[PDB]
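Novice: structure_9.cif (mmCIF, C-alpha atoms) pasted underneath:
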data_query
#
loop_
_atom_site.label_atom_id
_atom_site.label_comp_id
_atom_site.auth_asym_id
_atom_site.auth_seq_id
_atom_site.Cartn_x
_atom_site.Cartn_y
_atom_site.Cartn_z
CA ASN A 1 15.59 16.36 0.90
CA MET A 2 18.04 13.46 0.80
CA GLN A 3 19.65 12.77 -2.57
CA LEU A 4 18.53 9.37 -3.80
CA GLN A 5 19.88 7.28 -6.66
CA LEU A 6 16.89 6.26 -8.78
CA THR A 7 17.21 3.76 -11.62
CA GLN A 8 16.31 5.00 -15.09
CA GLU A 9 15.83 1.47 -16.40
CA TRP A 10 12.18 0.61 -16.98
CA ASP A 11 12.06 -2.20 -14.43
CA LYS A 12 8.30 -2.13 -13.85
CA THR A 13 6.23 -5.33 -13.82
CA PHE A 14 4.12 -3.88 -16.64
CA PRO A 15 4.94 -2.09 -19.92
CA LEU A 16 5.20 1.69 -20.13
CA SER A 17 2.04 3.20 -21.65
CA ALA A 18 2.38 5.39 -24.73
CA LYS A 19 -0.59 7.43 -23.51
CA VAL A 20 1.21 8.72 -20.43
CA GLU A 21 4.21 10.88 -19.53
CA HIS A 22 6.39 9.35 -16.84
CA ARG A 23 9.24 10.48 -14.59
CA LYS A 24 10.57 9.66 -11.11
CA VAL A 25 10.32 12.08 -8.20
CA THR A 26 11.25 12.35 -4.54
CA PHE A 27 9.81 14.15 -1.50
CA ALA A 28 10.21 14.03 2.28
CA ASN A 29 7.72 13.15 5.01
CA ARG A 30 7.25 14.86 8.39
CA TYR A 31 9.61 12.42 10.04
CA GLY A 32 12.53 13.41 7.83
CA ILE A 33 12.53 10.48 5.42
CA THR A 34 12.81 11.12 1.68
CA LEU A 35 10.62 8.87 -0.46
CA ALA A 36 10.98 7.81 -4.10
CA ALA A 37 8.01 7.61 -6.46
CA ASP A 38 6.81 7.31 -10.05
CA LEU A 39 4.63 10.14 -11.34
CA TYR A 40 2.27 9.55 -14.28
CA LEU A 41 0.38 12.27 -16.16
CA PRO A 42 -2.07 12.21 -19.10
CA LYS A 43 -0.68 13.57 -22.40
CA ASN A 44 -2.14 16.47 -24.43
CA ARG A 45 -3.73 18.06 -21.37
CA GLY A 46 -6.38 20.75 -21.60
CA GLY A 47 -6.40 24.11 -19.85
CA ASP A 48 -7.74 23.18 -16.40
CA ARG A 49 -5.66 21.67 -13.60
CA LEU A 50 -6.25 17.93 -13.16
CA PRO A 51 -7.61 15.79 -10.30
CA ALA A 52 -4.91 13.59 -8.74
CA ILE A 53 -4.63 10.20 -7.04
CA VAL A 54 -1.93 8.87 -4.70
CA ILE A 55 -1.54 5.11 -4.74
CA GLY A 56 0.22 2.90 -2.21
CA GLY A 57 0.45 -0.81 -1.51
CA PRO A 58 0.70 -3.74 -1.21
CA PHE A 59 2.39 -3.76 2.20
CA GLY A 60 5.89 -5.06 1.49
CA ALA A 61 5.65 -4.30 -2.22
CA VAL A 62 7.32 -1.57 -4.26
CA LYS A 63 6.03 0.96 -6.79
CA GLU A 64 7.19 -1.16 -9.73
CA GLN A 65 4.58 -3.75 -8.79
CA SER A 66 0.80 -3.38 -8.32
CA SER A 67 0.64 0.28 -7.21
CA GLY A 68 2.54 1.27 -10.35
CA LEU A 69 0.14 -0.69 -12.56
CA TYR A 70 -2.78 1.07 -10.86
CA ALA A 71 -1.16 4.51 -11.17
CA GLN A 72 -0.39 4.18 -14.87
CA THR A 73 -3.84 2.76 -15.63
CA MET A 74 -5.59 5.57 -13.79
CA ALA A 75 -3.33 8.09 -15.54
CA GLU A 76 -4.70 6.70 -18.81
CA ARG A 77 -8.11 7.44 -17.29
CA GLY A 78 -7.33 11.16 -17.06
CA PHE A 79 -5.83 11.48 -13.57
CA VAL A 80 -2.38 12.67 -12.52
CA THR A 81 -1.02 9.77 -10.45
CA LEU A 82 1.79 8.80 -8.13
CA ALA A 83 3.02 5.39 -6.92
CA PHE A 84 5.55 5.62 -4.08
CA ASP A 85 7.94 3.45 -2.11
CA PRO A 86 7.15 3.49 1.64
CA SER A 87 9.78 4.76 4.10
CA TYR A 88 12.80 2.44 4.50
CA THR A 89 11.86 0.43 1.38
CA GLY A 90 12.34 0.32 -2.38
CA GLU A 91 14.31 3.32 -3.62
CA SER A 92 13.20 5.49 -0.71
CA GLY A 93 15.62 6.53 2.01
CA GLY A 94 15.66 5.42 5.62
CA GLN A 95 17.72 3.05 7.71
CA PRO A 96 17.71 0.30 8.83
CA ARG A 97 16.33 -0.91 5.52
CA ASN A 98 12.96 -2.65 5.49
CA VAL A 99 11.46 -1.59 8.81
CA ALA A 100 7.81 -0.45 9.04
CA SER A 101 5.39 1.37 11.33
CA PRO A 102 1.65 2.10 11.17
CA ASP A 103 2.38 5.69 12.21
CA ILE A 104 5.24 6.39 9.79
CA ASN A 105 3.52 4.56 6.94
CA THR A 106 0.28 6.47 7.49
CA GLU A 107 2.45 9.61 7.29
CA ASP A 108 4.00 8.40 4.00
CA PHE A 109 0.60 8.65 2.33
CA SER A 110 0.15 12.27 3.38
CA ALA A 111 3.75 13.04 2.43
CA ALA A 112 2.82 11.82 -1.06
CA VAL A 113 -0.27 14.03 -1.06
CA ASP A 114 2.02 16.91 -0.05
CA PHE A 115 4.03 16.44 -3.25
CA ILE A 116 1.32 15.67 -5.78
CA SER A 117 -0.54 18.75 -4.44
CA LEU A 118 2.12 21.27 -5.44
CA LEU A 119 2.41 20.05 -9.03
CA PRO A 120 1.55 22.74 -11.59
CA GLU A 121 -0.59 20.20 -13.48
CA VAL A 122 -2.77 19.36 -10.48
CA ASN A 123 -5.63 20.95 -8.59
CA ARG A 124 -4.74 20.44 -4.90
CA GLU A 125 -8.47 20.49 -4.07
CA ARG A 126 -9.14 17.41 -6.24
CA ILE A 127 -7.02 14.71 -4.57
CA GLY A 128 -7.98 11.13 -3.82
CA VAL A 129 -6.08 8.04 -2.71
CA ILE A 130 -6.11 4.31 -3.40
CA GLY A 131 -4.86 1.85 -0.79
CA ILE A 132 -4.01 -1.65 -2.00
CA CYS A 133 -3.68 -4.71 0.22
CA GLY A 134 -1.98 -3.74 3.48
CA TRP A 135 -1.99 -0.08 2.47
CA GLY A 136 -5.75 -0.16 2.17
CA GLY A 137 -5.74 0.08 5.95
CA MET A 138 -3.12 2.83 5.90
CA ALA A 139 -5.11 4.78 3.29
CA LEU A 140 -8.26 4.82 5.43
CA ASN A 141 -6.11 5.74 8.43
CA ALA A 142 -4.54 8.67 6.55
CA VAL A 143 -7.81 10.04 5.14
CA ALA A 144 -9.46 10.16 8.57
CA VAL A 145 -7.13 12.96 9.71
CA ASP A 146 -5.84 14.42 6.42
CA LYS A 147 -8.84 16.56 5.43
CA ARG A 148 -7.23 17.45 2.09
CA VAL A 149 -7.99 13.97 0.68
CA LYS A 150 -11.48 14.12 -0.86
CA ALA A 151 -12.26 10.44 -1.42
CA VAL A 152 -10.70 7.03 -0.82
CA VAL A 153 -10.80 3.59 -2.43
CA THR A 154 -9.25 0.44 -0.95
CA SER A 155 -8.49 -2.68 -2.96
CA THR A 156 -8.35 -6.17 -1.41
CA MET A 157 -7.23 -4.53 1.85
CA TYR A 158 -5.62 -5.81 5.04
CA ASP A 159 -5.52 -3.91 8.34
CA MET A 160 -1.86 -4.66 9.09
CA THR A 161 -2.16 -3.91 12.84
CA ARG A 162 -5.02 -6.40 13.11
CA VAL A 163 -3.25 -9.16 11.17
CA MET A 164 -0.01 -8.81 13.13
CA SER A 165 -1.85 -8.62 16.45
CA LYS A 166 -4.51 -11.32 15.92
CA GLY A 167 -3.21 -13.31 12.94
CA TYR A 168 -5.57 -14.48 10.18
CA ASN A 169 -9.19 -14.65 11.33
CA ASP A 170 -8.20 -13.95 14.95
CA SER A 171 -6.09 -17.09 15.40
CA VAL A 172 -3.70 -15.63 17.97
CA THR A 173 -4.61 -16.07 21.63
CA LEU A 174 -3.31 -13.79 24.37
CA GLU A 175 -0.94 -16.58 25.39
CA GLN A 176 0.45 -16.84 21.87
CA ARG A 177 0.61 -13.04 21.52
CA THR A 178 2.46 -12.79 24.83
CA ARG A 179 4.85 -15.53 23.72
CA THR A 180 5.58 -13.62 20.49
CA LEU A 181 6.20 -10.37 22.38
CA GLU A 182 8.52 -12.13 24.82
CA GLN A 183 10.51 -13.45 21.85
CA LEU A 184 10.64 -10.00 20.25
CA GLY A 185 12.12 -8.70 23.49
CA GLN A 186 14.88 -11.31 23.26
CA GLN A 187 15.47 -10.25 19.65
CA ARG A 188 15.88 -6.61 20.65
CA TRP A 189 18.77 -7.68 22.89
CA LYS A 190 20.45 -9.69 20.11
CA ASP A 191 20.08 -6.78 17.68
CA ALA A 192 21.41 -4.38 20.32
CA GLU A 193 24.44 -6.58 20.96
CA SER A 194 25.40 -6.49 17.27
CA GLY A 195 24.12 -2.95 16.76
CA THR A 196 22.16 -3.99 13.67
CA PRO A 197 18.70 -5.60 13.43
CA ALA A 198 18.29 -9.12 12.06
CA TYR A 199 15.82 -9.85 9.25
CA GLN A 200 13.01 -12.40 9.20
CA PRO A 201 13.41 -15.48 6.96
CA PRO A 202 12.94 -14.84 3.19
CA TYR A 203 9.34 -14.02 2.24
CA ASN A 204 7.06 -16.10 0.01
CA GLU A 205 9.22 -19.20 -0.33
CA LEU A 206 7.13 -22.36 -0.55
CA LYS A 207 8.06 -25.42 1.51
CA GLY A 208 4.91 -27.36 0.75
CA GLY A 209 1.62 -27.60 2.60
CA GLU A 210 0.90 -23.87 2.37
CA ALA A 211 -2.67 -22.66 1.94
CA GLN A 212 -3.68 -21.57 -1.56
CA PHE A 213 -3.57 -17.85 -0.76
CA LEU A 214 0.12 -18.31 0.14
CA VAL A 215 0.74 -20.17 -3.12
CA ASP A 216 -0.98 -17.26 -4.86
CA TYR A 217 1.36 -14.76 -3.19
CA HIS A 218 4.37 -16.79 -4.30
CA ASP A 219 3.09 -17.00 -7.87
CA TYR A 220 2.92 -13.22 -7.95
CA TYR A 221 5.94 -12.12 -5.91
CA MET A 222 8.34 -14.91 -6.87
CA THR A 223 7.78 -15.46 -10.59
CA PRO A 224 8.14 -13.10 -13.56
CA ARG A 225 4.47 -12.18 -13.00
CA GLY A 226 5.18 -9.66 -10.25
CA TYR A 227 8.70 -10.23 -8.99
CA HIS A 228 10.87 -7.22 -8.22
CA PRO A 229 14.27 -7.47 -6.45
CA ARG A 230 13.70 -4.51 -4.13
CA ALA A 231 10.39 -5.74 -2.70
CA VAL A 232 10.23 -7.17 0.82
CA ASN A 233 7.67 -9.70 -0.39
CA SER A 234 9.89 -10.78 -3.28
CA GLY A 235 12.31 -12.98 -1.35
CA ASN A 236 13.38 -10.44 1.27
CA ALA A 237 11.83 -9.45 4.61
CA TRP A 238 11.14 -6.90 7.31
CA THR A 239 13.39 -6.68 10.35
CA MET A 240 12.47 -9.26 12.98
CA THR A 241 11.32 -6.53 15.38
CA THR A 242 9.06 -4.66 12.91
CA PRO A 243 5.84 -6.13 14.42
CA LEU A 244 6.33 -4.31 17.75
CA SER A 245 4.69 -1.09 16.54
CA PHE A 246 1.86 -2.76 14.59
CA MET A 247 1.02 -5.07 17.50
CA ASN A 248 0.72 -2.06 19.82
CA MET A 249 -0.73 0.83 17.78
CA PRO A 250 -4.00 0.16 15.94
CA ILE A 251 -5.08 2.13 12.89
CA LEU A 252 -8.62 3.09 11.80
CA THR A 253 -9.65 4.44 15.21
CA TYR A 254 -11.15 7.51 13.54
CA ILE A 255 -12.47 5.81 10.40
CA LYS A 256 -15.94 7.31 10.92
CA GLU A 257 -14.41 10.76 10.55
CA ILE A 258 -13.75 10.18 6.87
CA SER A 259 -17.46 10.98 6.45
CA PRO A 260 -18.96 13.13 4.89
CA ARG A 261 -16.23 12.12 2.40
CA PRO A 262 -16.93 8.83 0.48
CA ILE A 263 -15.29 5.42 0.85
CA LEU A 264 -15.36 2.59 -1.70
CA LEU A 265 -13.89 -0.68 -0.44
CA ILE A 266 -13.31 -3.20 -3.24
CA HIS A 267 -12.68 -6.91 -2.61
CA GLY A 268 -12.67 -10.27 -4.36
CA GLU A 269 -15.46 -12.66 -3.39
CA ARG A 270 -13.09 -15.60 -2.88
CA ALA A 271 -10.32 -13.63 -1.17
CA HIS A 272 -9.08 -15.06 2.13
CA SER A 273 -8.78 -11.42 3.18
CA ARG A 274 -12.30 -10.33 2.27
CA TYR A 275 -13.20 -10.12 5.95
CA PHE A 276 -10.83 -7.16 6.47
CA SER A 277 -12.99 -4.98 4.20
CA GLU A 278 -16.15 -6.29 5.86
CA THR A 279 -14.78 -5.18 9.23
CA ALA A 280 -13.72 -1.78 7.87
CA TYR A 281 -17.05 -1.32 6.09
CA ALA A 282 -18.99 -2.04 9.30
CA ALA A 283 -16.75 0.34 11.24
CA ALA A 284 -17.09 3.15 8.68
CA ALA A 285 -19.91 5.67 8.28
CA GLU A 286 -21.90 6.68 5.19
CA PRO A 287 -21.12 7.52 2.50
CA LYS A 288 -19.59 4.06 2.13
CA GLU A 289 -19.76 1.11 -0.23
CA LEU A 290 -18.44 -2.43 -0.13
CA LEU A 291 -18.02 -3.69 -3.69
CA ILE A 292 -17.50 -7.44 -4.04
CA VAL A 293 -15.92 -8.76 -7.24
CA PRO A 294 -17.52 -12.13 -8.04
CA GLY A 295 -15.12 -15.08 -8.01
CA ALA A 296 -11.99 -12.99 -7.48
CA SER A 297 -9.12 -14.03 -5.22
CA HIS A 298 -6.80 -11.70 -3.30
CA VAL A 299 -3.95 -11.57 -5.81
CA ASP A 300 -6.50 -11.20 -8.63
CA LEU A 301 -6.90 -7.54 -7.68
CA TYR A 302 -3.14 -7.02 -7.91
CA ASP A 303 -2.77 -7.19 -11.69
CA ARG A 304 -5.81 -8.79 -13.35
CA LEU A 305 -7.36 -6.16 -15.62
CA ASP A 306 -10.52 -8.22 -16.00
CA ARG A 307 -10.84 -8.46 -12.21
CA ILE A 308 -9.80 -4.95 -11.12
CA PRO A 309 -12.81 -2.61 -11.60
CA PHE A 310 -10.95 0.36 -13.08
CA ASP A 311 -14.08 1.73 -14.77
CA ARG A 312 -15.74 1.94 -11.34
CA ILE A 313 -12.63 3.32 -9.68
CA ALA A 314 -12.26 6.03 -12.34
CA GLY A 315 -15.99 6.74 -12.23
CA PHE A 316 -15.79 7.00 -8.44
CA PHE A 317 -13.02 9.60 -8.47
CA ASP A 318 -14.47 11.42 -11.49
CA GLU A 319 -17.52 12.21 -9.39
CA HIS A 320 -15.85 12.86 -6.05
CA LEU A 321 -12.73 14.70 -7.22
#
Go ahead and render the structure in this file as C-alpha cells.

Specialist:
Amino acid sequence: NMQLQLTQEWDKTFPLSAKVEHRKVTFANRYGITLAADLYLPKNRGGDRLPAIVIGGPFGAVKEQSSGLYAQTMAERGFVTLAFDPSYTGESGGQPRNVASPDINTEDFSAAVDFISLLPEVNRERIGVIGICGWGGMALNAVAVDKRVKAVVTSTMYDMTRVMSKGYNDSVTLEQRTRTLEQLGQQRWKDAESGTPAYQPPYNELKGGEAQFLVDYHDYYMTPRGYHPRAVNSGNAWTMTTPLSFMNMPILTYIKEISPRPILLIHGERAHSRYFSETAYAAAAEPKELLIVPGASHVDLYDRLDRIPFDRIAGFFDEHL
C-alpha cells in the first residue's frame, strides 16, 4: 500500500507489442512490502475471463529484462500476464535496497498471484506461474504450498539456496562454508557499526579468465542486449550479508506436494546450470516433465525466441489452466 514512483518511459529490453495492452501496477505482500509490476493483457478480448500467468526471474534481474519479455510474449499467446520486481529491488519498495531472502521471495510470487487473481479480466481459478533462472526454484517453492496455482513451468532454473550453500556443482566444503559464515559474521558487525549494510562488488564485470557462462552473463546484463540500470546483475549487487538466509533455509522441501498439479522444467542442453533442473526433476513427483532444449546455453533461454519454447509453454498452460 506504499506509494511508489514508477517510470512511464518504455525502458524495457524489448519493444512494446502492438497486440497487447500494457500498464504498471503495484500490490503488497504478506510481509508489508509493496511490489511494482508490469501487467500485459490480450486485446479484443471475448466474453469469458482469461487464464493468467505470473512470471518472475532471473534472480537479481528486473521486470524490464527476461521476465518482461516472457510476460509480453505469453500475453500475445492469449494469457493475462504479470512481470514483477522482487521485494527490495527494481521499482518495488523495501529497504535496505537489494537484499533478498528465500522466504520473502517465495512470498513475492504469491503476492503477485494475489493481485492478478482479483483482476476483472482474469479467472482466479486459471492461474499458473513461470519461474526463470533463480526464480525457477522460488516458483516451485511457492506452488508447493499455494494451492491456488494450477501449474508451473521453470526455465533454465537455479535453486538459489543450493548454489549459495554449496556453490556450483557442490564445490564448497564444510570448511569453506564455515569460513564464509565466519566472514559474514564479521560483516554484520561492520554494517552494525555504520548502521547501513555494505554491498558486494559490482556484478558481472569481467577481469579475464572467467568461465564462458560468466562471459555469457556479462554479454546479457552488461551490454545493450539485456542491460537495465536497476538490476542487481547489471553492475550492482546484493548486500554483503544477503547469503545468510539462503545458506540456512532451503527451498523445495515440499516439492512433491505440487502433485497432482503438473510441472514442466525447461533447460538448455549445454547450460552449466542444467543440473539444477535434473535435481528438481528427480525430487519432484508426477505429473512432471524435464524438457531439454538441444544445444542451448543458460542465457539462451533468457531472450532467444528460437531457443525459448513458447509454443510448448503456451500449450502447457492452455491445457492445465

Novice: Quick one: residues within 8 Å of residue 42 in chain A, all atoms listed in the file, excluding same-chain residues fewer than 4 positions away - as a short mmCIF file (atom, residue, chain, number, x, y, z; two decimals) with C-alpha atoms, in the frame of the given file?

Specialist:
data_model
loop_
_atom_site.label_atom_id
_atom_site.label_comp_id
_atom_site.auth_asym_id
_atom_site.auth_seq_id
_atom_site.Cartn_x
_atom_site.Cartn_y
_atom_site.Cartn_z
CA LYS A 19 -0.59 7.43 -23.51
CA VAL A 20 1.21 8.72 -20.43
CA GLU A 21 4.21 10.88 -19.53
CA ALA A 75 -3.33 8.09 -15.54
CA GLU A 76 -4.70 6.70 -18.81
CA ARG A 77 -8.11 7.44 -17.29
CA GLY A 78 -7.33 11.16 -17.06
CA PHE A 79 -5.83 11.48 -13.57
CA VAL A 80 -2.38 12.67 -12.52
#

Novice: What would the selection look like, as a short mmCIF file (atom, residue, chain, number, x, y, z; two decimals) with C-alpha atoms, in the coordinates of the input, if the PyMOL selection byres ((chain A and resi 35) around 12) were run on the coordinates I just shared?

Specialist:
data_model
loop_
_atom_site.label_atom_id
_atom_site.label_comp_id
_atom_site.auth_asym_id
_atom_site.auth_seq_id
_atom_site.Cartn_x
_atom_site.Cartn_y
_atom_site.Cartn_z
CA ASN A 1 15.59 16.36 0.90
CA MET A 2 18.04 13.46 0.80
CA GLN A 3 19.65 12.77 -2.57
CA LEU A 4 18.53 9.37 -3.80
CA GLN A 5 19.88 7.28 -6.66
CA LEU A 6 16.89 6.26 -8.78
CA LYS A 24 10.57 9.66 -11.11
CA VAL A 25 10.32 12.08 -8.20
CA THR A 26 11.25 12.35 -4.54
CA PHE A 27 9.81 14.15 -1.50
CA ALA A 28 10.21 14.03 2.28
CA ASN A 29 7.72 13.15 5.01
CA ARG A 30 7.25 14.86 8.39
CA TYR A 31 9.61 12.42 10.04
CA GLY A 32 12.53 13.41 7.83
CA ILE A 33 12.53 10.48 5.42
CA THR A 34 12.81 11.12 1.68
CA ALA A 36 10.98 7.81 -4.10
CA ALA A 37 8.01 7.61 -6.46
CA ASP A 38 6.81 7.31 -10.05
CA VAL A 62 7.32 -1.57 -4.26
CA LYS A 63 6.03 0.96 -6.79
CA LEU A 82 1.79 8.80 -8.13
CA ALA A 83 3.02 5.39 -6.92
CA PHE A 84 5.55 5.62 -4.08
CA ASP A 85 7.94 3.45 -2.11
CA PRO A 86 7.15 3.49 1.64
CA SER A 87 9.78 4.76 4.10
CA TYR A 88 12.80 2.44 4.50
CA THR A 89 11.86 0.43 1.38
CA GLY A 90 12.34 0.32 -2.38
CA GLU A 91 14.31 3.32 -3.62
CA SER A 92 13.20 5.49 -0.71
CA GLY A 93 15.62 6.53 2.01
CA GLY A 94 15.66 5.42 5.62
CA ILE A 104 5.24 6.39 9.79
CA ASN A 105 3.52 4.56 6.94
CA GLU A 107 2.45 9.61 7.29
CA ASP A 108 4.00 8.40 4.00
CA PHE A 109 0.60 8.65 2.33
CA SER A 110 0.15 12.27 3.38
CA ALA A 111 3.75 13.04 2.43
CA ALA A 112 2.82 11.82 -1.06
CA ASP A 114 2.02 16.91 -0.05
CA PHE A 115 4.03 16.44 -3.25
#

Novice: For residue 275 in chain A, list every protein, DNA or RNA residue within 10 Å, evaluated using only C-alpha atoms, and leave out those in the same chain fewer than 6 positions away; present the list as a PDB file with C-alpha atoms, in the coordinates of the input.

Specialist:
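Now in out-v6.pdb:
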ATOM      1  CA  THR A 156      -8.350  -6.170  -1.410  1.00  0.00           C
ATOM      2  CA  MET A 157      -7.230  -4.530   1.850  1.00  0.00           C
ATOM      3  CA  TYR A 158      -5.620  -5.810   5.040  1.00  0.00           C
ATOM      4  CA  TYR A 168      -5.570 -14.480  10.180  1.00  0.00           C
ATOM      5  CA  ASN A 169      -9.190 -14.650  11.330  1.00  0.00           C
ATOM      6  CA  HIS A 267     -12.680  -6.910  -2.610  1.00  0.00           C
ATOM      7  CA  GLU A 269     -15.460 -12.660  -3.390  1.00  0.00           C
ATOM      8  CA  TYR A 281     -17.050  -1.320   6.090  1.00  0.00           C
TER       9      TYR A 281
END

Novice: Give as a ChimeraX atom specification the residues that the PyMOL selection byres ((chain A and resi 287-289) around 8) matches when applied to the coordinates above.

Specialist: /A:259-265,281,284-286,290-291

Novice: Provide the CA of residue 268 in chain A to CA of residue 202 in chain A distance in Å, to one decimal place.

Specialist: 27.1 Å

Novice: Quick one: distance from CA of residue 180 in chain A to CA of residue 200 in chain A in Å, one decimal?

Specialist: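 CA of residue 200 in chain A lies at a distance of 13.6 Å from CA of residue 180 in chain A.
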
Novice: Might you spell out which residues the PyMOL selection byres ((chain A and resi 219-226) around 10) would select in the displayed file, as a list in words?

Specialist: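 Selected by the PyMOL selection byres ((chain A and resi 219-226) around 10) in this file: residues 12, 13, 14, 61, 64, 65, 66, 203, 204, 205, 206, 213, 214, 215, 216, 217, 218, 227, 228, 229, 231, 232, 233, 234, 235, 299, 300, 302 and 303 of chain A.
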
Novice: Which one of A:308, A:44, A:97, A:292 sits closest to residue 230 in chain A if you count all atoms listed in the file?

Specialist: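 For residue 230 in chain A, the nearest of the candidates is A:97.
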
Novice: Using Å and a single decimal, report how far CA of residue 183 in chain A sits from CA of residue 134 in chain A.

Specialist: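 Interatomic distance here is 24.2 Å.
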
Novice: Counting only C-alpha atoms, which of A:317, A:59, A:310, A:40 gets nearest to residue 266 in chain A?

Specialist: A:310

Novice: Choose the residue, out of A:67, A:141, A:241, A:98, that has the smallest atom-to-atom separation from residue 257 in chain A; count only C-alpha atoms.

Specialist: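 Going through A:67, A:141, A:241, A:98 one by one, the smallest distance to residue 257 in chain A is for A:141.
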
Novice: Check the smallest atom-to-atom distance from each of A:253, A:186, A:8, A:123 to residue 48 in chain A using all atoms listed in the file, then report the winner.

Specialist: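 That would be A:123, the residue with the smallest distance to residue 48 in chain A.
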
Novice: In terms of the shortest atom-to-atom distance over only C-alpha atoms, which of A:197, A:96, A:295, A:120 is closest to residue 47 in chain A?

Specialist: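 Distance minimum relative to residue 47 in chain A lands on A:120.
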
Novice: Counting all atoms listed in the file, figure out which residue out of A:298, A:23, A:256, A:188 gets nearest to residue 155 in chain A.

Specialist: A:298

Novice: Which protein, DNA or RNA residues have an atom at most 7 Å from (-6.4, -2.1, 9.2), counting all atoms listed in the file? List them as number ranges by chain.

Specialist: A: 137-138, 158-162, 251-252

Novice: At a cut-off of 9 Å from (-7.6, 4.5, 4.2) in the coordinates of the file, what residues are picked up using only C-alpha atoms, written as a list in words?

Specialist: residues 106, 129, 130, 131, 135, 136, 137, 138, 139, 140, 141, 142, 143, 144, 152, 153, 154, 252, 255, 258 and 263 of chain A

Novice: For residue 245 in chain A, work out the shell of residues within 10 Å, counting all atoms listed in the file and skipping chain neighbours fewer than 6 positions away, then give it as a PyMOL selection string.

Specialist: chain A and resi 100-103+161+164-165
